[PDB]
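Starting off, we have a lone chain in the form deposited in one PDB entry, written out as structure tokens.
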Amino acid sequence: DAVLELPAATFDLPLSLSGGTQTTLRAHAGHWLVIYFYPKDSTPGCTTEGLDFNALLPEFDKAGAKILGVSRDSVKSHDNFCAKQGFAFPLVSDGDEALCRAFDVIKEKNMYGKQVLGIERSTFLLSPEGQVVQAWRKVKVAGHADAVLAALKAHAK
């Protein structure tokens, strides 16, 4: 059922959250987890994606699922983004890109005559036993949160 195998150490990585606490993926054992990676706090597309998930939070709750957004911005940046937008789910400050590399979302592009790395907008659904059962890569924001919710409902049944 897994579409991606993560290094075992990934599940014990301490993930710094908005609000000043930490979590780990293993700490989410027992419920579904949506992990959405986005390139940058407080941009038009990334704000749209976060607000879309936030608007659907009660529907994710009805499945007992939790959501985590992830970028490499600082905790302070995440706190400001969460406060301004009213997000009711946490953002991971993956400043060292450890979680991003585990999910293989750091992608290289030949541009400006160089090799340029960056976060590719991507989302994953993690089962209550920690298996990555669905992945979306190179995500277009429009319709995405709705599609993730629909897939979660399909898997959780």
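Residue numbers run from 1 along the displayed sequence. Rigid core here is just the name for the largest C-alpha set that superposes within 1.5 Å across the two forms.
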>> For the other entries of this protein included in the comparison (both sides of the residue modelled), is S77 absent in a third of them or more?
In response: yes
>> Mean Cα B factor from the PDB record: higher for 142-150, or higher for 5-13?
In response: 5-13
> When the C-alpha temperature factors are averaged for each of 81-89 and 68-76, which stretch ends up with the higher value in the entry?
Replying inline: 81-89
> Taking the Cα B-factors listed in the entry, which of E49, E108, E97, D104 comes out highest?
Replying inline: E108
> Which of these has the highest Cα B-factor in the record: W32, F60, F124, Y112?
Replying inline: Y112
> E129's Cα B-factor: lowest, middle or highest third of the chain?
Replying inline: highest
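The discussion below concerns the form deposited in another entry, not included here.
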> Pick from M111, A88, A55, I106: whose Cα moves by 2 Å or more between this form and the one not shown, rigid core superposed?
Replying inline: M111
